[PDB]
>>> print(open('entry11.txt').read())   # compact mmCIF, N, CA and C atoms
# COMPACT_ATOMS: atom_id res chain seq x y z
N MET J 1 46.86 168.07 86.67
CA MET J 1 45.39 168.23 86.80
C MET J 1 44.86 169.22 85.77
N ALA J 2 43.55 169.45 85.80
CA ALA J 2 42.91 170.36 84.85
C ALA J 2 42.76 171.75 85.45
N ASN J 3 41.86 172.54 84.89
CA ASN J 3 41.63 173.90 85.36
C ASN J 3 40.33 174.00 86.15
N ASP J 4 39.71 172.85 86.40
CA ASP J 4 38.38 172.77 87.02
C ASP J 4 37.32 173.35 86.09
N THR J 5 36.32 172.56 85.76
CA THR J 5 35.32 172.97 84.79
C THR J 5 33.90 172.60 85.24
N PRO J 6 33.09 173.60 85.58
CA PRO J 6 31.67 173.42 85.86
C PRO J 6 30.87 173.33 84.57
N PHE J 7 30.47 172.11 84.21
CA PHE J 7 29.77 171.86 82.95
C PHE J 7 28.52 172.72 82.80
N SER J 8 27.78 172.89 83.89
CA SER J 8 26.56 173.67 83.86
C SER J 8 26.20 174.17 85.25
N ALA J 9 25.15 174.98 85.33
CA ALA J 9 24.64 175.45 86.61
C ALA J 9 24.03 174.30 87.40
N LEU J 10 23.53 173.31 86.66
CA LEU J 10 22.96 172.11 87.24
C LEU J 10 24.06 171.26 87.86
N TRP J 11 25.25 171.38 87.31
CA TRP J 11 26.42 170.66 87.79
C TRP J 11 27.09 171.41 88.94
N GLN J 12 27.35 172.69 88.72
CA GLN J 12 28.10 173.51 89.67
C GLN J 12 27.43 173.57 91.05
N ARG J 13 26.12 173.35 91.10
CA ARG J 13 25.41 173.37 92.38
C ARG J 13 25.96 172.29 93.32
N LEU J 14 26.46 171.19 92.75
CA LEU J 14 27.07 170.13 93.54
C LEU J 14 28.40 170.60 94.11
N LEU J 15 29.11 171.41 93.33
CA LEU J 15 30.40 171.95 93.75
C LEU J 15 30.20 172.97 94.87
N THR J 16 29.02 173.57 94.89
CA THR J 16 28.65 174.49 95.96
C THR J 16 28.49 173.73 97.28
N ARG J 17 28.13 172.45 97.17
CA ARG J 17 28.06 171.58 98.34
C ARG J 17 29.46 171.07 98.66
N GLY J 18 30.26 170.89 97.62
CA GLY J 18 31.65 170.54 97.79
C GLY J 18 32.08 169.43 96.86
N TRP J 19 33.00 168.60 97.35
CA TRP J 19 33.48 167.41 96.65
C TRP J 19 34.30 167.74 95.40
N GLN J 20 35.12 166.78 94.99
CA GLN J 20 36.00 166.94 93.85
C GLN J 20 35.41 166.30 92.60
N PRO J 21 35.40 167.02 91.47
CA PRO J 21 34.98 166.46 90.19
C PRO J 21 36.09 165.63 89.55
N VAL J 22 35.82 164.34 89.34
CA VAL J 22 36.85 163.44 88.82
C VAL J 22 36.42 162.77 87.52
N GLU J 23 37.39 162.21 86.82
CA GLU J 23 37.13 161.47 85.59
C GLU J 23 37.43 160.00 85.83
N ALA J 24 37.13 159.16 84.85
CA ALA J 24 37.41 157.73 84.96
C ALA J 24 38.92 157.48 84.96
N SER J 25 39.66 158.32 84.25
CA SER J 25 41.10 158.19 84.18
C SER J 25 41.78 158.79 85.41
N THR J 26 41.54 160.08 85.66
CA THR J 26 42.27 160.81 86.69
C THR J 26 41.83 160.43 88.11
N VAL J 27 40.79 159.61 88.22
CA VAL J 27 40.33 159.16 89.53
C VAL J 27 41.38 158.24 90.17
N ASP J 28 42.17 157.59 89.32
CA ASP J 28 43.20 156.66 89.78
C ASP J 28 44.24 157.39 90.64
N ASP J 29 44.79 158.47 90.09
CA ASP J 29 45.77 159.29 90.80
C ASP J 29 45.14 159.96 92.01
N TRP J 30 43.88 160.36 91.87
CA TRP J 30 43.15 160.99 92.96
C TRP J 30 43.10 160.06 94.17
N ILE J 31 42.69 158.82 93.94
CA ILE J 31 42.56 157.83 95.01
C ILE J 31 43.88 157.61 95.73
N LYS J 32 44.95 157.42 94.97
CA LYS J 32 46.26 157.13 95.54
C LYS J 32 46.75 158.29 96.41
N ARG J 33 46.29 159.50 96.09
CA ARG J 33 46.71 160.68 96.84
C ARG J 33 45.90 160.81 98.13
N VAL J 34 44.59 160.63 98.02
CA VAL J 34 43.70 160.84 99.16
C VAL J 34 43.76 159.67 100.14
N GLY J 35 43.84 158.45 99.62
CA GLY J 35 43.94 157.28 100.46
C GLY J 35 42.60 156.82 100.96
N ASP J 36 41.90 157.72 101.63
CA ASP J 36 40.62 157.40 102.24
C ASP J 36 39.54 158.33 101.71
N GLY J 37 38.50 157.77 101.13
CA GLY J 37 37.45 158.59 100.59
C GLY J 37 36.37 157.78 99.91
N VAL J 38 35.40 158.48 99.34
CA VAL J 38 34.29 157.83 98.66
C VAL J 38 33.93 158.58 97.38
N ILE J 39 33.70 157.83 96.32
CA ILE J 39 33.30 158.42 95.05
C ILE J 39 31.81 158.22 94.85
N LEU J 40 31.10 159.32 94.62
CA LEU J 40 29.68 159.27 94.34
C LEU J 40 29.44 159.21 92.84
N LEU J 41 28.82 158.14 92.39
CA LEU J 41 28.47 158.01 90.98
C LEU J 41 27.14 158.71 90.73
N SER J 42 26.75 158.78 89.47
CA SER J 42 25.43 159.28 89.10
C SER J 42 24.37 158.45 89.81
N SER J 43 23.79 159.00 90.87
CA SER J 43 22.92 158.24 91.75
C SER J 43 21.49 158.17 91.24
N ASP J 44 20.61 158.95 91.85
CA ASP J 44 19.19 158.86 91.56
C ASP J 44 18.78 159.80 90.43
N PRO J 45 18.18 159.24 89.38
CA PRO J 45 17.65 160.02 88.27
C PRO J 45 16.27 160.59 88.58
N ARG J 46 15.78 161.44 87.69
CA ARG J 46 14.46 162.04 87.87
C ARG J 46 13.36 161.00 87.70
N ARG J 47 12.23 161.23 88.34
CA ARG J 47 11.10 160.33 88.23
C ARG J 47 9.88 161.10 87.74
N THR J 48 8.95 161.36 88.64
CA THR J 48 7.79 162.18 88.34
C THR J 48 7.42 163.01 89.58
N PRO J 49 7.18 162.36 90.74
CA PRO J 49 7.07 163.04 92.01
C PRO J 49 8.45 163.23 92.65
N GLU J 50 8.51 163.94 93.76
CA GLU J 50 9.78 164.19 94.44
C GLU J 50 10.15 163.02 95.36
N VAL J 51 10.12 161.82 94.80
CA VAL J 51 10.49 160.62 95.52
C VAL J 51 11.98 160.32 95.30
N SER J 52 12.70 161.34 94.85
CA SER J 52 14.13 161.23 94.59
C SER J 52 14.91 161.17 95.89
N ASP J 53 16.22 161.01 95.78
CA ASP J 53 17.08 160.89 96.95
C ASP J 53 18.00 162.10 97.06
N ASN J 54 18.95 162.20 96.13
CA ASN J 54 19.96 163.27 96.12
C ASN J 54 20.94 163.09 97.28
N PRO J 55 22.24 163.24 97.00
CA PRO J 55 23.29 163.02 98.00
C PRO J 55 23.27 164.04 99.14
N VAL J 56 22.58 163.70 100.22
CA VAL J 56 22.52 164.54 101.41
C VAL J 56 22.83 163.72 102.66
N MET J 57 22.65 162.41 102.57
CA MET J 57 22.85 161.53 103.73
C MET J 57 24.28 161.00 103.77
N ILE J 58 25.05 161.32 102.74
CA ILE J 58 26.43 160.85 102.66
C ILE J 58 27.30 161.61 103.67
N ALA J 59 26.82 162.79 104.07
CA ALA J 59 27.53 163.62 105.04
C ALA J 59 27.58 162.95 106.42
N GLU J 60 26.43 162.43 106.87
CA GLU J 60 26.35 161.79 108.17
C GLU J 60 27.10 160.46 108.16
N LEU J 61 27.17 159.82 107.00
CA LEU J 61 27.97 158.61 106.83
C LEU J 61 29.43 158.93 107.11
N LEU J 62 29.91 159.96 106.43
CA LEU J 62 31.30 160.42 106.56
C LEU J 62 31.65 160.71 108.02
N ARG J 63 30.74 161.37 108.73
CA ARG J 63 31.01 161.77 110.11
C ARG J 63 30.82 160.62 111.09
N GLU J 64 30.28 159.50 110.61
CA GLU J 64 30.06 158.34 111.46
C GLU J 64 31.34 157.53 111.56
N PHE J 65 32.26 157.77 110.63
CA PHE J 65 33.57 157.14 110.65
C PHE J 65 34.66 158.21 110.74
N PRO J 66 34.81 158.84 111.91
CA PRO J 66 35.73 159.98 112.09
C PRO J 66 37.17 159.54 112.32
N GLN J 67 37.42 158.25 112.12
CA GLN J 67 38.76 157.71 112.26
C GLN J 67 39.63 158.15 111.09
N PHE J 68 39.02 158.26 109.92
CA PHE J 68 39.73 158.69 108.73
C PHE J 68 39.22 160.05 108.28
N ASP J 69 40.02 160.74 107.48
CA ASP J 69 39.60 161.98 106.86
C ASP J 69 39.26 161.71 105.40
N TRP J 70 37.98 161.52 105.13
CA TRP J 70 37.53 161.07 103.82
C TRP J 70 37.38 162.23 102.86
N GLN J 71 37.85 162.04 101.65
CA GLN J 71 37.59 162.97 100.56
C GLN J 71 36.51 162.39 99.66
N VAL J 72 35.50 163.18 99.35
CA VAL J 72 34.41 162.72 98.51
C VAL J 72 34.54 163.31 97.12
N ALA J 73 34.32 162.49 96.11
CA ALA J 73 34.41 162.94 94.73
C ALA J 73 33.13 162.63 93.98
N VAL J 74 32.91 163.34 92.88
CA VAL J 74 31.75 163.10 92.04
C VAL J 74 32.20 162.68 90.64
N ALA J 75 31.56 161.64 90.12
CA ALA J 75 31.99 161.04 88.86
C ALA J 75 31.12 161.46 87.69
N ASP J 76 30.47 162.62 87.80
CA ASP J 76 29.64 163.16 86.72
C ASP J 76 28.58 162.12 86.30
N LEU J 77 28.07 162.24 85.09
CA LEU J 77 27.10 161.28 84.58
C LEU J 77 27.79 160.31 83.64
N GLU J 78 28.76 160.81 82.88
CA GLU J 78 29.49 160.00 81.92
C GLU J 78 30.53 159.12 82.62
N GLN J 79 31.38 159.75 83.43
CA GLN J 79 32.49 159.05 84.07
C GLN J 79 31.98 157.90 84.93
N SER J 80 30.80 158.09 85.52
CA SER J 80 30.16 157.08 86.35
C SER J 80 30.04 155.73 85.63
N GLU J 81 29.83 155.76 84.32
CA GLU J 81 29.64 154.54 83.56
C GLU J 81 30.96 153.78 83.42
N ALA J 82 32.03 154.51 83.14
CA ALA J 82 33.35 153.90 82.99
C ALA J 82 33.92 153.51 84.36
N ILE J 83 33.74 154.39 85.34
CA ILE J 83 34.21 154.12 86.70
C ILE J 83 33.45 152.94 87.30
N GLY J 84 32.14 152.93 87.10
CA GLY J 84 31.32 151.84 87.60
C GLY J 84 31.73 150.51 87.01
N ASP J 85 32.06 150.53 85.72
CA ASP J 85 32.52 149.34 85.02
C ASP J 85 33.83 148.84 85.63
N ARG J 86 34.75 149.77 85.86
CA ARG J 86 36.08 149.44 86.38
C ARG J 86 36.01 148.80 87.77
N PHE J 87 35.17 149.34 88.64
CA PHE J 87 35.09 148.87 90.01
C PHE J 87 34.04 147.78 90.17
N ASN J 88 33.47 147.38 89.04
CA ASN J 88 32.58 146.21 88.96
C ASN J 88 31.27 146.44 89.70
N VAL J 89 30.77 147.67 89.67
CA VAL J 89 29.46 147.97 90.22
C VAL J 89 28.44 147.92 89.09
N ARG J 90 28.92 147.43 87.95
CA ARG J 90 28.11 147.21 86.75
C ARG J 90 27.74 148.53 86.09
N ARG J 91 26.71 149.19 86.59
CA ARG J 91 26.26 150.47 86.03
C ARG J 91 25.20 151.11 86.92
N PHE J 92 25.16 150.68 88.17
CA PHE J 92 24.14 151.15 89.09
C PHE J 92 24.71 152.15 90.08
N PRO J 93 23.84 153.02 90.64
CA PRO J 93 24.23 154.02 91.63
C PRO J 93 24.78 153.38 92.91
N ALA J 94 25.98 153.79 93.30
CA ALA J 94 26.62 153.26 94.49
C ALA J 94 27.77 154.15 94.90
N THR J 95 28.12 154.07 96.16
CA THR J 95 29.28 154.78 96.66
C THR J 95 30.48 153.85 96.66
N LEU J 96 31.62 154.35 96.22
CA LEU J 96 32.83 153.54 96.19
C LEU J 96 33.59 153.72 97.49
N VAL J 97 33.86 152.60 98.15
CA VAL J 97 34.50 152.62 99.45
C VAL J 97 36.00 152.50 99.31
N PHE J 98 36.69 153.61 99.53
CA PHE J 98 38.14 153.63 99.43
C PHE J 98 38.76 153.98 100.77
N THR J 99 39.62 153.10 101.23
CA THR J 99 40.36 153.31 102.47
C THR J 99 41.74 152.72 102.31
N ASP J 100 42.70 153.25 103.05
CA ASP J 100 44.06 152.71 103.05
C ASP J 100 44.71 152.87 101.68
N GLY J 101 44.11 153.69 100.83
CA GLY J 101 44.56 153.82 99.46
C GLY J 101 44.26 152.57 98.64
N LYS J 102 43.27 151.80 99.07
CA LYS J 102 42.90 150.58 98.36
C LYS J 102 41.37 150.44 98.31
N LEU J 103 40.89 149.72 97.30
CA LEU J 103 39.45 149.55 97.10
C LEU J 103 38.88 148.49 98.03
N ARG J 104 37.90 148.88 98.82
CA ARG J 104 37.19 147.95 99.68
C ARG J 104 36.00 147.36 98.94
N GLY J 105 35.39 148.16 98.08
CA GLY J 105 34.26 147.71 97.30
C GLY J 105 33.28 148.84 97.02
N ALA J 106 32.05 148.48 96.71
CA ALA J 106 31.02 149.46 96.42
C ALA J 106 29.82 149.24 97.33
N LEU J 107 28.95 150.24 97.44
CA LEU J 107 27.77 150.12 98.26
C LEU J 107 26.53 150.11 97.38
N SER J 108 26.27 148.97 96.76
CA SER J 108 25.09 148.80 95.92
C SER J 108 24.03 148.05 96.71
N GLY J 109 22.94 148.73 97.02
CA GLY J 109 21.94 148.17 97.90
C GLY J 109 22.05 148.79 99.28
N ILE J 110 21.21 148.35 100.21
CA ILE J 110 21.20 148.88 101.58
C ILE J 110 21.06 150.40 101.58
N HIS J 111 19.83 150.87 101.57
CA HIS J 111 19.59 152.30 101.42
C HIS J 111 19.36 153.00 102.76
N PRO J 112 18.49 152.47 103.65
CA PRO J 112 18.29 153.05 104.98
C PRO J 112 19.48 152.80 105.91
N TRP J 113 19.48 153.49 107.03
CA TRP J 113 20.56 153.38 108.01
C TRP J 113 20.42 152.07 108.80
N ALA J 114 21.13 151.99 109.93
CA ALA J 114 21.18 150.79 110.77
C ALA J 114 21.89 149.64 110.07
N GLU J 115 21.27 149.11 109.03
CA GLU J 115 21.83 148.01 108.26
C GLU J 115 23.10 148.45 107.54
N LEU J 116 23.10 149.70 107.09
CA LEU J 116 24.23 150.26 106.35
C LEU J 116 25.49 150.22 107.21
N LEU J 117 25.34 150.52 108.49
CA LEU J 117 26.47 150.52 109.41
C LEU J 117 27.16 149.16 109.43
N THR J 118 26.40 148.13 109.76
CA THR J 118 26.93 146.78 109.86
C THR J 118 27.43 146.28 108.50
N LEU J 119 26.69 146.58 107.44
CA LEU J 119 27.07 146.14 106.10
C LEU J 119 28.42 146.74 105.71
N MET J 120 28.54 148.04 105.86
CA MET J 120 29.78 148.73 105.51
C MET J 120 30.92 148.35 106.45
N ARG J 121 30.61 148.21 107.74
CA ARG J 121 31.59 147.83 108.74
C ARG J 121 32.19 146.46 108.45
N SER J 122 31.36 145.56 107.93
CA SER J 122 31.81 144.22 107.58
C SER J 122 32.93 144.28 106.54
N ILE J 123 32.89 145.31 105.70
CA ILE J 123 33.89 145.48 104.65
C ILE J 123 35.11 146.24 105.19
N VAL J 124 34.86 147.27 105.99
CA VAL J 124 35.93 148.09 106.54
C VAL J 124 36.29 147.65 107.96
N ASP J 125 36.19 146.35 108.21
CA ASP J 125 36.41 145.79 109.53
C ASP J 125 37.84 146.05 110.02
N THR J 126 38.82 145.75 109.18
CA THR J 126 40.21 145.93 109.55
C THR J 126 40.97 146.78 108.54
N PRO J 127 41.76 147.76 109.03
CA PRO J 127 42.64 148.57 108.18
C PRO J 127 43.69 147.71 107.48
N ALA J 128 44.31 148.25 106.45
CA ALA J 128 45.25 147.50 105.64
C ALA J 128 46.45 148.35 105.24
N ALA J 129 47.23 147.84 104.30
CA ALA J 129 48.38 148.56 103.78
C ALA J 129 48.33 148.57 102.26
N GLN J 130 48.62 149.71 101.67
CA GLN J 130 48.55 149.87 100.23
C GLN J 130 49.84 149.38 99.56
N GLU J 131 49.71 148.98 98.30
CA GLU J 131 50.85 148.51 97.51
C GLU J 131 51.92 149.60 97.42
N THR J 132 51.47 150.85 97.39
CA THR J 132 52.35 152.00 97.29
C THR J 132 53.08 152.03 95.94
N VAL J 133 52.39 152.55 94.94
CA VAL J 133 52.98 152.73 93.62
C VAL J 133 52.49 154.05 93.02
N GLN J 134 53.23 155.10 93.31
CA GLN J 134 52.86 156.44 92.87
C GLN J 134 53.89 157.00 91.90
N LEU J 135 53.63 156.81 90.61
CA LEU J 135 54.51 157.34 89.59
C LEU J 135 53.95 158.67 89.10
N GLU J 136 54.50 159.76 89.62
CA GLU J 136 54.09 161.09 89.23
C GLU J 136 55.18 161.73 88.39
N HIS J 137 54.79 162.55 87.43
CA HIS J 137 55.77 163.21 86.58
C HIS J 137 55.56 164.71 86.59
N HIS J 138 56.62 165.46 86.34
CA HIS J 138 56.52 166.90 86.21
C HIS J 138 56.30 167.24 84.75
N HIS J 139 57.36 167.11 83.96
CA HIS J 139 57.26 167.29 82.51
C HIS J 139 58.22 166.36 81.79
N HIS J 140 57.74 165.18 81.42
CA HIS J 140 58.53 164.28 80.59
C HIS J 140 58.49 164.78 79.16
N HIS J 141 57.37 165.43 78.84
CA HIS J 141 57.19 166.13 77.58
C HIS J 141 55.81 166.77 77.59
N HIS J 142 54.87 166.08 78.23
CA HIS J 142 53.54 166.61 78.47
C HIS J 142 52.94 165.91 79.69
>>> encode(input="entry11.txt", output="structure tokens")
Amino acid sequence: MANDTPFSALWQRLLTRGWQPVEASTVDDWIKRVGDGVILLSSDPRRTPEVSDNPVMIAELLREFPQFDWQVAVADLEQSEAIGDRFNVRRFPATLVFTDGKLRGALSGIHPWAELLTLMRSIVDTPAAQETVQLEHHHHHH
């Protein structure tokens, strides 16, 4: 891993709320380790009035599924583009649904509650089993 790096005060404020800062590359190993969790991409950008969203409702989501212990990560602004591409969310703000150490999908659309429950539940209906392929190294050379 790295040494942890707060890019700016605008960034570090998210770390004050919590969550792990991940990259498009190192998110792979992160997922396999945590098993169950959600990655927050670069969500809502600035507008003009305070009609923004900001990740505050993701907490109640997490606590609504207390069956698993979810780890939440943040994909910065840059990593979100590569990560979004990889998980086929195109390039739009969405939460990545990871359970069982495997990808369930993304949450693009469905913003208010009620519908979110059934929509997400439809995807996380039944638990599964992961392929289990964790190649970790100490020092092969670097």
>>> select_by_dssp(input="entry11.txt", residues="chain J", states="strand (DSSP E or B)", output="mmCIF file with N, CA and C atoms, in the coordinates of the input")
data_model
loop_
_atom_site.group_PDB
_atom_site.id
_atom_site.type_symbol
_atom_site.label_atom_id
_atom_site.label_comp_id
_atom_site.auth_asym_id
_atom_site.auth_seq_id
_atom_site.Cartn_x
_atom_site.Cartn_y
_atom_site.Cartn_z
ATOM 1 N N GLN J 20 35.120 166.780 94.990
ATOM 2 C CA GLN J 20 36.000 166.940 93.850
ATOM 3 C C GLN J 20 35.410 166.300 92.600
ATOM 4 N N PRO J 21 35.400 167.020 91.470
ATOM 5 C CA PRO J 21 34.980 166.460 90.190
ATOM 6 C C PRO J 21 36.090 165.630 89.550
ATOM 7 N N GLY J 37 38.500 157.770 101.130
ATOM 8 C CA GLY J 37 37.450 158.590 100.590
ATOM 9 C C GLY J 37 36.370 157.780 99.910
ATOM 10 N N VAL J 38 35.400 158.480 99.340
ATOM 11 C CA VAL J 38 34.290 157.830 98.660
ATOM 12 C C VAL J 38 33.930 158.580 97.380
ATOM 13 N N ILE J 39 33.700 157.830 96.320
ATOM 14 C CA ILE J 39 33.300 158.420 95.050
ATOM 15 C C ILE J 39 31.810 158.220 94.850
ATOM 16 N N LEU J 40 31.100 159.320 94.620
ATOM 17 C CA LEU J 40 29.680 159.270 94.340
ATOM 18 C C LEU J 40 29.440 159.210 92.840
ATOM 19 N N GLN J 71 37.850 162.040 101.650
ATOM 20 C CA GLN J 71 37.590 162.970 100.560
ATOM 21 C C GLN J 71 36.510 162.390 99.660
ATOM 22 N N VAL J 72 35.500 163.180 99.350
ATOM 23 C CA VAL J 72 34.410 162.720 98.510
ATOM 24 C C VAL J 72 34.540 163.310 97.120
ATOM 25 N N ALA J 73 34.320 162.490 96.110
ATOM 26 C CA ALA J 73 34.410 162.940 94.730
ATOM 27 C C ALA J 73 33.130 162.630 93.980
ATOM 28 N N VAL J 74 32.910 163.340 92.880
ATOM 29 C CA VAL J 74 31.750 163.100 92.040
ATOM 30 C C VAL J 74 32.200 162.680 90.640
ATOM 31 N N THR J 95 28.120 154.070 96.160
ATOM 32 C CA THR J 95 29.280 154.780 96.660
ATOM 33 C C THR J 95 30.480 153.850 96.660
ATOM 34 N N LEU J 96 31.620 154.350 96.220
ATOM 35 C CA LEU J 96 32.830 153.540 96.190
ATOM 36 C C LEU J 96 33.590 153.720 97.490
ATOM 37 N N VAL J 97 33.860 152.600 98.150
ATOM 38 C CA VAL J 97 34.500 152.620 99.450
ATOM 39 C C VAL J 97 36.000 152.500 99.310
ATOM 40 N N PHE J 98 36.690 153.610 99.530
ATOM 41 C CA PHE J 98 38.140 153.630 99.430
ATOM 42 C C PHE J 98 38.760 153.980 100.770
ATOM 43 N N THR J 99 39.620 153.100 101.230
ATOM 44 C CA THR J 99 40.360 153.310 102.470
ATOM 45 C C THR J 99 41.740 152.720 102.310
ATOM 46 N N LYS J 102 43.270 151.800 99.070
ATOM 47 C CA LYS J 102 42.900 150.580 98.360
ATOM 48 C C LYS J 102 41.370 150.440 98.310
ATOM 49 N N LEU J 103 40.890 149.720 97.300
ATOM 50 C CA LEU J 103 39.450 149.550 97.100
ATOM 51 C C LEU J 103 38.880 148.490 98.030
ATOM 52 N N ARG J 104 37.900 148.880 98.820
ATOM 53 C CA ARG J 104 37.190 147.950 99.680
ATOM 54 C C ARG J 104 36.000 147.360 98.940
ATOM 55 N N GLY J 105 35.390 148.160 98.080
ATOM 56 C CA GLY J 105 34.260 147.710 97.300
ATOM 57 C C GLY J 105 33.280 148.840 97.020
ATOM 58 N N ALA J 106 32.050 148.480 96.710
ATOM 59 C CA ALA J 106 31.020 149.460 96.420
ATOM 60 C C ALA J 106 29.820 149.240 97.330
ATOM 61 N N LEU J 107 28.950 150.240 97.440
ATOM 62 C CA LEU J 107 27.770 150.120 98.260
ATOM 63 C C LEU J 107 26.530 150.110 97.380
#
>>> closest_residue(input="entry11.txt", among="J:120, J:40, J:51, J:129", to="residue 76 of chain J", atoms="all atoms listed in the file")
J:40
>>> closest_residue(input="entry11.txt", among="J:22, J:114, J:74, J:41", to="residue 4 of chain J", atoms="only C-alpha atoms")
J:22
>>> axis_aligned_box(input="entry11.txt", around="segment 126-129 of chain J", padding_each_side="6 Å", output="AutoDock Vina command-line options")
--center_x 43.6 --center_y 147.2 --center_z 105.9 --size_x 21.6 --size_y 14.8 --size_z 19.3
>>> select_by_dssp(input="entry11.txt", residues="segment 71-142 of chain J", states="alpha helix (DSSP H)", output="compact mmCIF listing (two decimals) with N, CA and C atoms, keeping the file's coordinate frame")
# COMPACT_ATOMS: atom_id res chain seq x y z
N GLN J 79 31.38 159.75 83.43
CA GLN J 79 32.49 159.05 84.07
C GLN J 79 31.98 157.90 84.93
N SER J 80 30.80 158.09 85.52
CA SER J 80 30.16 157.08 86.35
C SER J 80 30.04 155.73 85.63
N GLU J 81 29.83 155.76 84.32
CA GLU J 81 29.64 154.54 83.56
C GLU J 81 30.96 153.78 83.42
N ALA J 82 32.03 154.51 83.14
CA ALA J 82 33.35 153.90 82.99
C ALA J 82 33.92 153.51 84.36
N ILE J 83 33.74 154.39 85.34
CA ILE J 83 34.21 154.12 86.70
C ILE J 83 33.45 152.94 87.30
N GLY J 84 32.14 152.93 87.10
CA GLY J 84 31.32 151.84 87.60
C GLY J 84 31.73 150.51 87.01
N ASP J 85 32.06 150.53 85.72
CA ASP J 85 32.52 149.34 85.02
C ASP J 85 33.83 148.84 85.63
N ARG J 86 34.75 149.77 85.86
CA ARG J 86 36.08 149.44 86.38
C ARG J 86 36.01 148.80 87.77
N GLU J 115 21.27 149.11 109.03
CA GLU J 115 21.83 148.01 108.26
C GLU J 115 23.10 148.45 107.54
N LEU J 116 23.10 149.70 107.09
CA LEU J 116 24.23 150.26 106.35
C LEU J 116 25.49 150.22 107.21
N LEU J 117 25.34 150.52 108.49
CA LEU J 117 26.47 150.52 109.41
C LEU J 117 27.16 149.16 109.43
N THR J 118 26.40 148.13 109.76
CA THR J 118 26.93 146.78 109.86
C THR J 118 27.43 146.28 108.50
N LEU J 119 26.69 146.58 107.44
CA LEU J 119 27.07 146.14 106.10
C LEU J 119 28.42 146.74 105.71
N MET J 120 28.54 148.04 105.86
CA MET J 120 29.78 148.73 105.51
C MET J 120 30.92 148.35 106.45
N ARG J 121 30.61 148.21 107.74
CA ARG J 121 31.59 147.83 108.74
C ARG J 121 32.19 146.46 108.45
N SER J 122 31.36 145.56 107.93
CA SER J 122 31.81 144.22 107.58
C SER J 122 32.93 144.28 106.54
N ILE J 123 32.89 145.31 105.70
CA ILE J 123 33.89 145.48 104.65
C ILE J 123 35.11 146.24 105.19
>>> atom_distance(input="entry11.txt", atom1="atom CA of residue 90 of chain J", atom2="atom CA of residue 108 of chain J")
9.8 Å
>>> closest_residue(input="entry11.txt", among="J:53, J:117, J:98, J:24", to="residue 68 of chain J", atoms="only C-alpha atoms")
J:98
>>> closest_residue(input="entry11.txt", among="J:21, J:49, J:37, J:112", to="residue 66 of chain J", atoms="only C-alpha atoms")
J:37
>>> residues_around(input="entry11.txt", residues="segment 93-97 of chain J", least_positions_apart="4", cutoff="6 Å", atoms="only C-alpha atoms", output="list in words")
residues 38, 39, 40, 41, 42, 43, 104, 105, 106, 107 and 108 of chain J
>>> write_last_selection(input="entry11.txt", atoms="N, CA and C atoms", output="compact mmCIF listing (two decimals), keeping the file's coordinate frame")
# COMPACT_ATOMS: atom_id res chain seq x y z
N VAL J 38 35.40 158.48 99.34
CA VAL J 38 34.29 157.83 98.66
C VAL J 38 33.93 158.58 97.38
N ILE J 39 33.70 157.83 96.32
CA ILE J 39 33.30 158.42 95.05
C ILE J 39 31.81 158.22 94.85
N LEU J 40 31.10 159.32 94.62
CA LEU J 40 29.68 159.27 94.34
C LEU J 40 29.44 159.21 92.84
N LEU J 41 28.82 158.14 92.39
CA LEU J 41 28.47 158.01 90.98
C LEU J 41 27.14 158.71 90.73
N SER J 42 26.75 158.78 89.47
CA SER J 42 25.43 159.28 89.10
C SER J 42 24.37 158.45 89.81
N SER J 43 23.79 159.00 90.87
CA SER J 43 22.92 158.24 91.75
C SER J 43 21.49 158.17 91.24
N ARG J 104 37.90 148.88 98.82
CA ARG J 104 37.19 147.95 99.68
C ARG J 104 36.00 147.36 98.94
N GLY J 105 35.39 148.16 98.08
CA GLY J 105 34.26 147.71 97.30
C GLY J 105 33.28 148.84 97.02
N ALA J 106 32.05 148.48 96.71
CA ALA J 106 31.02 149.46 96.42
C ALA J 106 29.82 149.24 97.33
N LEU J 107 28.95 150.24 97.44
CA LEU J 107 27.77 150.12 98.26
C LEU J 107 26.53 150.11 97.38
N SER J 108 26.27 148.97 96.76
CA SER J 108 25.09 148.80 95.92
C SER J 108 24.03 148.05 96.71
>>> atom_distance(input="entry11.txt", atom1="atom C of residue 139 of chain J", atom2="atom C of residue 23 of chain J")
22.1 Å
>>> atom_distance(input="entry11.txt", atom1="atom CA of residue 130 of chain J", atom2="atom C of residue 101 of chain J")
5.3 Å
>>> closest_residue(input="entry11.txt", among="J:5, J:132, J:12, J:124", to="residue 99 of chain J", atoms="all atoms listed in the file")
J:124
>>> residues_around(input="entry11.txt", residues="residue 135 of chain J", least_positions_apart="3", cutoff="12 Å", atoms="only C-alpha atoms", output="number ranges by chain")
J: 28-29, 32-33, 132, 138
>>> closest_residue(input="entry11.txt", among="J:121, J:134, J:127, J:113", to="residue 60 of chain J", atoms="only C-alpha atoms")
J:113
